[PDB]
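Peer 1: Structure: run-v3.tsv, TSV, C-alpha atoms (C1' of nucleotides).
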chain	number	residue	atom	x	y	z
A	258	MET	CA	-0.98	-52.21	112.23
A	259	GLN	CA	-0.23	-49.22	114.43
A	260	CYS	CA	2.33	-48.33	111.80
A	261	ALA	CA	5.01	-50.36	110.00
A	262	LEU	CA	2.62	-53.27	110.45
A	263	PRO	CA	5.34	-55.58	109.07
A	264	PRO	CA	3.05	-58.66	109.02
A	265	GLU	CA	6.16	-60.69	109.75
A	266	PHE	CA	6.96	-58.57	112.80
A	267	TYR	CA	3.84	-59.84	114.56
A	268	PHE	CA	5.39	-63.27	114.49
A	269	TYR	CA	8.91	-61.97	115.15
A	270	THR	CA	7.95	-60.18	118.36
A	271	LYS	CA	5.50	-62.96	119.26
A	272	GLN	CA	8.54	-65.22	119.00
A	273	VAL	CA	10.89	-63.18	121.19
A	274	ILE	CA	7.95	-62.99	123.60
A	275	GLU	CA	7.83	-66.72	123.02
A	276	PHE	CA	11.50	-66.64	123.92
A	277	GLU	CA	12.35	-65.12	127.27
A	278	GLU	CA	9.06	-63.22	127.61
A	279	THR	CA	7.96	-65.09	130.77
A	280	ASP	CA	9.17	-68.48	129.51
A	281	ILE	CA	7.07	-68.30	126.36
A	282	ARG	CA	3.83	-67.63	128.24
A	283	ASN	CA	1.20	-64.90	127.88
A	284	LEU	CA	2.07	-62.09	130.29
A	285	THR	CA	-0.49	-61.97	133.09
A	286	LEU	CA	-1.50	-58.75	134.81
A	287	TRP	CA	0.97	-57.99	137.60
A	288	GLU	CA	0.10	-58.59	141.25
A	289	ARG	CA	-1.61	-56.71	144.08
A	290	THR	CA	1.34	-54.44	144.85
A	291	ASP	CA	0.21	-54.21	148.46
A	292	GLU	CA	3.08	-51.95	149.46
A	293	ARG	CA	2.42	-48.21	149.28
A	294	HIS	CA	5.64	-46.99	147.68
A	295	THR	CA	4.63	-48.75	144.44
A	296	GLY	CA	8.09	-49.75	143.27
A	297	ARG	CA	8.78	-50.13	139.57
A	298	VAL	CA	8.78	-53.95	139.75
A	299	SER	CA	7.99	-53.30	136.11
A	300	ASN	CA	5.66	-56.17	135.91
A	301	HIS	CA	3.04	-54.38	133.96
A	302	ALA	CA	2.74	-56.91	131.13
A	303	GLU	CA	1.98	-54.56	128.24
A	304	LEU	CA	4.82	-52.18	129.19
A	305	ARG	CA	7.01	-55.21	128.51
A	306	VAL	CA	5.11	-56.14	125.34
A	307	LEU	CA	5.87	-52.72	123.86
A	308	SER	CA	9.46	-53.18	125.01
A	309	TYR	CA	9.80	-56.52	123.19
A	310	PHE	CA	8.04	-54.84	120.25
A	311	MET	CA	10.63	-52.05	119.99
A	312	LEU	CA	13.53	-54.41	120.66
A	313	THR	CA	12.36	-56.87	118.01
A	314	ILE	CA	12.25	-54.11	115.39
A	315	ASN	CA	15.87	-52.97	115.69
A	316	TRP	CA	17.35	-56.38	116.50
A	317	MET	CA	15.33	-57.76	113.58
A	318	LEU	CA	16.28	-54.79	111.40
A	319	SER	CA	19.71	-54.60	113.02
A	320	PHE	CA	20.84	-57.94	111.68
A	321	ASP	CA	18.73	-58.81	108.66
A	322	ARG	CA	21.96	-60.21	107.23
A	323	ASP	CA	20.10	-61.66	104.27
A	324	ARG	CA	19.14	-58.03	103.64
A	325	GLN	CA	15.41	-58.81	103.59
A	326	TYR	CA	14.63	-55.21	104.58
A	327	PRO	CA	16.28	-52.79	102.10
A	328	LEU	CA	18.31	-49.73	103.12
A	329	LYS	CA	15.95	-47.33	101.36
A	330	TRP	CA	13.00	-49.34	102.65
A	331	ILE	CA	13.31	-48.38	106.30
A	332	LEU	CA	13.14	-44.62	105.79
A	333	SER	CA	10.27	-45.01	103.34
A	334	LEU	CA	8.21	-46.51	106.16
A	335	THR	CA	9.19	-43.69	108.51
A	336	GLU	CA	8.52	-41.34	105.59
A	337	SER	CA	5.00	-42.40	104.72
A	338	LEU	CA	4.56	-42.44	108.50
A	339	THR	CA	5.13	-38.67	108.67
A	340	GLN	CA	1.76	-38.18	110.42
A	341	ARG	CA	-1.40	-37.84	108.31
A	342	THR	CA	-5.17	-37.68	108.84
A	343	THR	CA	-6.88	-40.54	110.67
A	344	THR	CA	-10.24	-42.22	110.06
A	345	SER	CA	-10.82	-41.22	113.67
A	346	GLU	CA	-7.75	-42.73	115.33
A	347	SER	CA	-5.04	-40.18	114.55
A	348	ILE	CA	-7.51	-37.36	115.28
A	349	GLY	CA	-7.96	-39.07	118.64
A	350	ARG	CA	-4.22	-39.33	119.28
A	351	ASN	CA	-4.06	-35.60	118.58
A	352	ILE	CA	-6.78	-35.08	121.19
A	353	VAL	CA	-4.70	-37.07	123.68
A	354	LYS	CA	-1.55	-35.21	122.63
A	355	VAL	CA	-3.36	-32.08	123.72
A	356	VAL	CA	-3.05	-32.71	127.42
A	357	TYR	CA	0.08	-30.52	126.95
A	358	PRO	CA	2.42	-32.97	128.66
A	359	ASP	CA	6.17	-33.40	128.08
A	360	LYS	CA	6.13	-31.49	124.75
A	361	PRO	CA	6.37	-34.49	122.42
A	362	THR	CA	3.05	-33.53	120.82
A	363	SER	CA	3.03	-29.93	122.04
A	364	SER	CA	4.49	-28.79	118.72
A	365	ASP	CA	2.02	-30.99	116.82
A	366	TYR	CA	-0.21	-28.55	118.61
A	367	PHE	CA	1.62	-25.81	116.75
A	368	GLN	CA	1.88	-27.54	113.40
A	369	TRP	CA	-1.52	-29.26	113.42
A	370	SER	CA	-1.74	-30.21	109.74
A	371	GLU	CA	-4.36	-27.81	108.34
A	372	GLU	CA	-7.61	-29.74	108.55
A	373	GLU	CA	-6.36	-31.77	111.48
A	374	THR	CA	-6.88	-28.19	112.68
A	375	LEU	CA	-10.40	-28.29	111.22
A	376	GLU	CA	-11.68	-31.70	112.31
A	377	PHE	CA	-10.28	-30.62	115.67
A	378	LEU	CA	-12.66	-27.66	115.93
A	379	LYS	CA	-15.40	-30.01	114.74
A	380	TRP	CA	-14.74	-32.38	117.64
A	381	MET	CA	-14.70	-29.38	120.00
A	382	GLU	CA	-18.08	-28.11	118.79
A	383	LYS	CA	-19.56	-31.60	119.31
A	384	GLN	CA	-17.84	-33.05	122.38
A	385	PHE	CA	-17.20	-30.06	124.63
A	386	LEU	CA	-20.83	-29.02	124.10
A	387	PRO	CA	-21.48	-30.74	127.47
A	388	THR	CA	-18.67	-28.49	128.59
A	389	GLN	CA	-21.19	-27.14	131.07
A	390	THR	CA	-24.99	-27.03	131.22
A	399	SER	CA	-24.26	-18.95	136.03
A	400	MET	CA	-26.84	-20.18	138.49
A	401	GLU	CA	-26.94	-17.50	141.14
A	402	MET	CA	-25.17	-14.82	139.06
A	403	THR	CA	-28.47	-12.95	138.67
A	404	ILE	CA	-30.37	-14.49	135.75
A	405	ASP	CA	-29.24	-11.23	134.15
A	406	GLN	CA	-25.72	-12.61	133.75
A	407	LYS	CA	-27.09	-15.75	132.13
A	408	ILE	CA	-29.15	-13.65	129.72
A	409	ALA	CA	-26.08	-11.60	128.82
A	410	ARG	CA	-24.10	-14.78	128.17
A	411	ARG	CA	-26.88	-16.10	125.93
A	412	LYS	CA	-26.91	-12.83	123.99
A	413	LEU	CA	-23.14	-13.02	123.55
A	414	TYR	CA	-23.34	-16.56	122.18
A	415	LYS	CA	-26.30	-15.07	120.32
A	416	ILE	CA	-24.34	-12.40	118.39
A	417	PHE	CA	-22.06	-15.27	117.57
A	418	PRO	CA	-24.61	-17.51	115.81
A	419	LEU	CA	-21.46	-19.27	114.62
A	420	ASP	CA	-21.91	-23.06	114.18
A	421	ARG	CA	-22.01	-22.37	110.42
A	422	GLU	CA	-22.54	-18.65	110.66
A	431	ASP	CA	-14.79	-38.64	99.59
A	433	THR	CA	-18.27	-38.34	103.20
A	434	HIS	CA	-14.78	-36.89	102.97
A	435	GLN	CA	-12.12	-38.30	105.30
A	436	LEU	CA	-11.36	-42.01	105.38
A	437	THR	CA	-11.55	-44.88	107.84
A	438	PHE	CA	-8.77	-46.64	109.75
A	439	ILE	CA	-8.07	-49.68	107.55
A	440	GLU	CA	-8.31	-47.39	104.53
A	441	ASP	CA	-5.41	-45.26	105.78
A	442	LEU	CA	-3.63	-48.43	106.90
A	443	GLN	CA	-4.04	-49.96	103.45
A	444	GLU	CA	-2.89	-46.86	101.65
A	445	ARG	CA	0.37	-46.49	103.54
A	446	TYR	CA	0.92	-50.23	103.23
A	447	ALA	CA	0.76	-49.45	99.52
A	448	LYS	CA	2.77	-46.23	99.81
A	449	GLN	CA	5.59	-48.58	100.74
A	450	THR	CA	4.46	-51.19	98.16
A	451	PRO	CA	7.82	-50.90	96.35
A	452	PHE	CA	9.44	-53.56	98.48
A	453	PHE	CA	10.50	-56.08	95.82
A	469	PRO	CA	26.52	-48.89	106.74
A	470	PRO	CA	26.36	-45.85	109.06
A	471	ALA	CA	23.27	-44.43	107.37
A	472	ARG	CA	20.93	-47.35	107.92
A	473	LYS	CA	21.93	-47.54	111.58
A	474	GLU	CA	21.01	-43.87	111.76
A	475	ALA	CA	17.74	-44.53	109.94
A	476	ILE	CA	16.93	-47.40	112.27
A	477	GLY	CA	17.51	-45.20	115.30
A	478	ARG	CA	15.43	-42.52	113.65
A	479	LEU	CA	12.53	-44.93	113.20
A	480	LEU	CA	12.70	-46.36	116.71
A	481	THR	CA	12.50	-42.89	118.27
A	482	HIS	CA	9.21	-42.43	116.37
A	483	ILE	CA	7.49	-45.55	117.71
A	484	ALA	CA	8.93	-44.64	121.11
A	485	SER	CA	6.94	-41.45	120.55
A	486	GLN	CA	3.76	-43.30	119.50
A	487	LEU	CA	3.62	-46.12	122.03
A	488	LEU	CA	4.99	-43.87	124.75
A	489	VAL	CA	2.42	-41.19	123.96
A	490	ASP	CA	-0.65	-43.33	124.50
A	491	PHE	CA	1.06	-44.24	127.82
A	492	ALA	CA	2.60	-42.96	131.11
A	493	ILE	CA	5.90	-42.78	129.18
A	494	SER	CA	8.87	-42.04	131.60
A	495	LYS	CA	11.14	-40.72	128.85
A	496	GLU	CA	13.36	-42.95	130.98
A	497	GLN	CA	11.29	-45.65	132.69
A	498	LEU	CA	10.07	-46.64	129.27
A	499	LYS	CA	13.84	-46.66	128.78
A	500	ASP	CA	14.36	-48.22	132.21
A	501	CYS	CA	11.79	-50.83	131.16
A	502	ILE	CA	13.77	-51.27	127.94
A	503	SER	CA	16.99	-51.62	129.93
A	504	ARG	CA	15.40	-54.23	132.19
A	505	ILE	CA	14.53	-56.92	129.65
A	506	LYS	CA	17.69	-56.09	127.71
A	507	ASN	CA	19.34	-57.50	130.84
A	508	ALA	CA	16.75	-60.27	131.12
A	509	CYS	CA	17.52	-61.44	127.58
A	510	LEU	CA	21.26	-62.14	127.71
A	511	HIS	CA	21.00	-65.25	129.88
A	512	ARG	CA	21.02	-67.66	126.94
B	1	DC	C1'	26.02	-54.60	138.15
B	2	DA	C1'	21.91	-55.41	140.74
B	3	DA	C1'	17.21	-56.19	143.76
B	4	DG	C1'	14.89	-55.18	147.77
B	5	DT	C1'	12.66	-52.08	152.96
B	6	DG	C1'	11.77	-47.77	155.06
B	7	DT	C1'	9.41	-43.71	154.18
B	8	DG	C1'	7.10	-37.04	153.37
B	9	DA	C1'	5.67	-34.26	150.53
B	10	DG	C1'	3.66	-32.27	146.54
B	11	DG	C1'	-0.34	-31.52	144.67
B	12	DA	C1'	-5.51	-30.57	143.53
B	13	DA	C1'	-10.20	-27.91	144.15
B	14	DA	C1'	-14.78	-25.87	145.60
B	15	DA	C1'	-16.23	-23.28	148.51
B	16	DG	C1'	-15.34	-20.33	151.84
B	17	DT	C1'	-13.15	-16.47	153.58
B	18	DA	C1'	-10.21	-12.51	153.28
B	19	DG	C1'	-9.65	-7.48	152.09
B	20	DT	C1'	-11.36	-3.19	150.22
B	21	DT	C1'	-15.17	-0.56	148.92
B	22	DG	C1'	-19.14	1.27	148.23
B	23	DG	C1'	-23.78	2.16	149.06
B	24	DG	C1'	-27.53	3.26	152.28
B	25	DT	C1'	-31.66	4.77	154.30
B	26	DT	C1'	-32.46	3.95	158.80
B	27	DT	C1'	-31.74	5.72	162.44
B	28	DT	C1'	-32.37	9.44	166.68
B	29	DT	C1'	-29.73	10.68	169.05
B	30	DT	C1'	-43.94	40.93	148.88
B	31	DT	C1'	-50.11	45.83	152.01
B	32	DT	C1'	-53.39	44.16	150.07
B	33	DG	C1'	-59.28	46.32	154.18
B	34	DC	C1'	-61.31	46.72	157.83
B	35	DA	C1'	-62.64	49.42	162.69
B	36	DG	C1'	-61.17	49.72	166.61
B	37	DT	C1'	-58.00	50.27	170.41
B	38	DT	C1'	-53.66	51.77	173.46
B	39	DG	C1'	-50.11	54.46	174.02
B	40	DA	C1'	-48.11	58.31	172.56
B	41	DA	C1'	-46.65	64.12	172.24
B	42	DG	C1'	-48.11	68.17	172.78
B	43	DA	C1'	-50.87	71.72	174.52
B	44	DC	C1'	-53.46	73.92	178.13
B	45	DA	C1'	-55.26	76.26	183.23
Any chance you could give the structure as structure tokens?

Peer 2:
Amino acid sequence: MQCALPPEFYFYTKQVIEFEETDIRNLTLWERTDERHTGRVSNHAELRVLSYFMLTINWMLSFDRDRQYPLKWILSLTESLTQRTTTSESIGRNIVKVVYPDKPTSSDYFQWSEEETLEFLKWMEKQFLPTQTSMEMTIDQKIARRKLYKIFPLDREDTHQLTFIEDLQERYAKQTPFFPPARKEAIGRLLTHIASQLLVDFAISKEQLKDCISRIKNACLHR
DNA sequence: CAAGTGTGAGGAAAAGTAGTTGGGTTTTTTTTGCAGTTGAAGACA
């Protein structure tokens, strides 16, 4: 559902997981890495789930001999994907993007699709209200501060935006027209995007993620 | 191509502390009336 919720891809990736993903067994949380150097044993189950997820997509889309997934179909999904508001979720992912990290969302900062800009300032006026409460900077200082905020009344000197499954539905429809070198390029293009998404919620390692990817790649070819 | 021991530093923050200054009393070490009086210069016998 996260994106190209290809209903079939749930069972695809569940199957490869079925496959060599811990001898077709639900990944359990790794162990009590007692040692202090915390090596990348890479046993964090999810990290591998996302890896199988990614792999599945391109393997699945990189050998859909029957041509079940049309050339022009793959980019359409990536297309429709091209960001968009979020019945709360995508707005959230913007808020996480804004921890100014490795610059994958930094520019989103820059762009920040109009309103996204607006509902952002809304969430700032509500949820960094706690912000704080100076005590011991002479009462006078406090008064001054109040006055300043004063002379800045501000805060106002379809309910419009939509929910999660609404957005999900509507891009599922935005692709609803379903029934060589370029597609390979498109596939790579799409995979980078998900790499962005899944990686962005998590500790990424614009390499480790990759390292993780590499790992099971190796794991797999022992058929 | 690959997994596995051993292990040093980089990093964060509130409060404190630094440096520089200034402030700061405290401190500490013009005549305008009266009547008289003395001393005075000058004269004299």

Peer 1: What are the residues of chain B lining chain A at 10 Å or less? Count only C-alpha atoms (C1' of nucleotides), and put the answer as an NGL selection string.

Peer 2: :B and (3-4 or 6-7)

Peer 1: Can those selected residues be exported to a file as a short mmCIF file (atom, residue, chain, number, x, y, z; two decimals), in the coordinates of the input so that it contains C-alpha atoms (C1' of nucleotides)?

Peer 2:
data_model
loop_
_atom_site.label_atom_id
_atom_site.label_comp_id
_atom_site.auth_asym_id
_atom_site.auth_seq_id
_atom_site.Cartn_x
_atom_site.Cartn_y
_atom_site.Cartn_z
"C1'" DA B 3 17.21 -56.19 143.76
"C1'" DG B 4 14.89 -55.18 147.77
"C1'" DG B 6 11.77 -47.77 155.06
"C1'" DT B 7 9.41 -43.71 154.18
#

Peer 1: Hey, can you check how far atom CA of residue A:352 sits from atom CA of residue A:373?

Peer 2: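 If I compute the distance from atom CA of residue A:352 to atom CA of residue A:373, I get 10.3 Å.
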
Peer 1: To one decimal place, how far is atom CA of residue A:476 from atom CA of residue A:319 in Å?

Peer 2: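 Separation of atom CA of residue A:476 and atom CA of residue A:319: 7.8 Å.
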
Peer 1: Please compute the atom CA of residue A:444-atom CA of residue A:376 distance, one decimal, in Å.

Peer 2: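 Rounded to one decimal, the two atoms are 20.5 Å apart.
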
Peer 1: Calculated over all atoms listed in the file, which of the candidates A:439, A:314, A:493, A:508 has the smallest distance to residue A:331?

Peer 2: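 Once distances to residue A:331 are computed over all atoms listed in the file, the minimum belongs to A:314.
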
Peer 1: Rank A:481, A:450, A:390, A:308 by their smallest atom-to-atom distance to residue A:506, using all atoms listed in the file, and report the top residue only.

Peer 2: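 Checking each candidate against residue A:506, we get A:308 as the closest.
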
Peer 1: Rank A:292, A:280, A:346, A:323 by their smallest atom-to-atom distance to residue A:437, using only C-alpha atoms, and report the top residue only.

Peer 2: A:346

Peer 1: Counting all atoms listed in the file, which residue out of A:271, A:289, A:354, A:412 sits closest to residue A:312?

Peer 2: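 Closest candidate: A:271.
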
Peer 1: Just want the 8 Å neighbourhood of residue A:313, counted on all atoms listed in the file, with same-chain residues fewer than 3 positions away dropped. Output as a ChimeraX atom specification.

Peer 2: /A:266,269-270,273,309-310,316-318

Peer 1: If we count all atoms listed in the file, what is near residue A:332 at a cut-off of 9 Å, once residues fewer than 5 positions away on the same chain are taken out, given as a short mmCIF file (atom, residue, chain, number, x, y, z; two decimals) with C-alpha atoms, in the frame of the given file?

Peer 2:
data_model
loop_
_atom_site.label_atom_id
_atom_site.label_comp_id
_atom_site.auth_asym_id
_atom_site.auth_seq_id
_atom_site.Cartn_x
_atom_site.Cartn_y
_atom_site.Cartn_z
CA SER A 337 5.00 -42.40 104.72
CA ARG A 472 20.93 -47.35 107.92
CA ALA A 475 17.74 -44.53 109.94
CA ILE A 476 16.93 -47.40 112.27
CA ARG A 478 15.43 -42.52 113.65
CA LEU A 479 12.53 -44.93 113.20
#

Peer 1: Could you give me, as a PyMOL selection string, the residues within 12 Å of residue A:443, counting only C-alpha atoms (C1' of nucleotides) and dropping anything in the same chain fewer than 2 positions from it?

Peer 2: chain A and resi 258-262+337+344+436-441+445-450

Peer 1: Restricting the calculation to all atoms listed in the file, which member of A:409, A:302, A:356, A:277 is positioned closest to residue A:501?

Peer 2: A:302
